[PDB]
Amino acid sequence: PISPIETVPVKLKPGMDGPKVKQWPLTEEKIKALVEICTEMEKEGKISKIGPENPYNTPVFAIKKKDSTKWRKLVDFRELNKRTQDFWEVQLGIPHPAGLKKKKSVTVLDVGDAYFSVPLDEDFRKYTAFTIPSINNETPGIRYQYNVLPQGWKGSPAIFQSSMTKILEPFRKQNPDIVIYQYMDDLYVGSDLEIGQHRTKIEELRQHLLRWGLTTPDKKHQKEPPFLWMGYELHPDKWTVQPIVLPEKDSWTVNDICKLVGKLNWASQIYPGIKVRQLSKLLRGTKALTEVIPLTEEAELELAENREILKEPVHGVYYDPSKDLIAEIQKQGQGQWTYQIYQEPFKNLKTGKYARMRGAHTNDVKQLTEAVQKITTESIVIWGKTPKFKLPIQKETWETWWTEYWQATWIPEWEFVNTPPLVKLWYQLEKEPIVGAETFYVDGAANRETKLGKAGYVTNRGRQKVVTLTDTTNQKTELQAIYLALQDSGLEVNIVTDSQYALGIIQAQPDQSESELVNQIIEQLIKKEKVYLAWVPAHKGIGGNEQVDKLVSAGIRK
């Protein structure tokens, strides 16, 4: 039937009119399926015949459903969608089985013909006009308009999801202890009743939905585990993801890399240790999905170890609110992080990964903090609370980092775990000048026009060096000067710079950077035993910054 729920008033954008696109040619099989759908929807009032009083049209088509027998009627409403009002989407995310609480009895059932059972705003119906060719030259093509939500329109998802919420509201109010996970037309229903009393509550729900014009066919009414839900299999005490098939190529294209990384991302929710850094790096700079990208040795190695992870049997468990959430993070190589969330040891609720590269320059402690923030936000969505963390970082290492770092940074309640590779700071800048260490006054200068530059240093022990640079910037010459001083000094060195740009990078203690120059500077800092870096204002005659400033400025400035 059609739901007796009130329609949602919808308008076009100001100054706009309905679409006027003509139908494209269709296959004989496509036509035979559309007339069978349109004749029935007309008998049920879901679509109404129109005539010359309606001047709009939009091309329609059809594809196979997931059951692969019936057809799904679609409409290419791209032009109408540009001219339809904005909506606020009500679907805020995707439910996850790790957030399901243990229930005694579970039902999963779907509403049949969902969109076509919710009425459309009467004043908007004429804009959904379409024409279906029939038996031409024996009868012309019939023109219809939608009286219900069409598939392909911008507003149909949000209007249906909101309508479904209003329909379920009286039942939820009457049955607050029946959990109903509502995603599109699919309903997960869980109770703490015996299976007999549970089924009677299901029939009350079905009758409630039927009263609002939403059928629940028995073919989509699951009554025994495992339940097929949201791409998972729900067993009574565990859940698994439906089998994931990675591509099998010898000449990967950009499109194949996307499908590979995409399916790996989807697998990382329960498969621990998934890594996609080397595979995703192969896409930096590409343009076409057809480009065959040769896999690097570490990218092919990264793919090989992912395949071995997927061949293992894995499953998740359900959420028990009476126990704590525990998140454990494992450090992977090159800014990659995997984690497991659980409440009982070796019983993962779910897993995940983190490898987003933030900032040009960063260290392992910054990234671990970012992974903790991501896991915390993700935990609040799924469970509504923050987990207790188990991190491979010493308490002293964290104390050292948040002491010296100028930004506000914090990690919630966490306990150290000895799971190498451990997170640590690879060097530390001294807080005071070093007695007995040579003092370097570094400086750089570049010419904005010619891009020529100079970097160098003077030392209190009489040493000076100047290096010429090409295609450089002022900021780079300042880093080249620091790098030069590190190369030509002993294991302990005092460096005075006038560049707060270079000072800000180095005081943050990065161990990795997108810049090769900064990476070469990091490698020097790790080899040193003591480094003290100080700052003076430039162009103020402060010796010996004045001496080095004259050396690097000569020939490129003034």
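Start at 1 and count along the sequence shown; that's the residue number.
Checklist entry - For the C-alpha atoms alone, is the average B factor greater in 493 to 501 or in 33 to 41, going by the entry? => result Mean CA B-factor is higher for 33 to 41.
Item to check | Stretch with the higher entry mean CA B-factor, where the candidates are 21 to 29 and 545 to 553 | outcome: Taking the mean B-factor of the alpha carbons in each, 21 to 29 is higher.
Checklist entry - Quick one: which of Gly112, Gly99, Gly93, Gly333 has the biggest Cα B-factor according to the entry? => result Checking the PDB record, the top C-alpha B-factor among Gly112, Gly99, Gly93, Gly333 is at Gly333.
Checklist entry - Highest Cα B-factor in the deposition, which of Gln182, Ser191, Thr377, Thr403? => result Within the set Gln182, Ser191, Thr377, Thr403, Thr403 shows the top C-alpha B-factor.
Checklist entry - In terms of the CA temperature factor given in the entry, to which third of its chain does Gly262 belong: lowest, middle or highest? => result Its C-alpha B-factor belongs to the lowest third of this chain's values.
Checklist entry - Among the modelled residues of its chain, does the C-alpha B-factor of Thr459 lie in the lowest, middle or highest third? => result Answer is lowest: the recorded C-alpha B-factor places it there.
Item to check | Third assignment of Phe130 from its chain's C-alpha B-factors | outcome: Its C-alpha B-factor, which the entry lists for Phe130, ranks in the highest third among residues of this chain.
Checklist entry - When the modelled residues of the chain are sorted by Cα temperature factor, does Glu516 land in the lowest, middle or highest third? => result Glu516: CA B-factor falls in the middle third of its chain.
Checklist entry - Which third, lowest, middle or highest, does the CA B-factor of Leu533 fall in along this chain? => result Tercile = lowest for this residue's CA B-factor.
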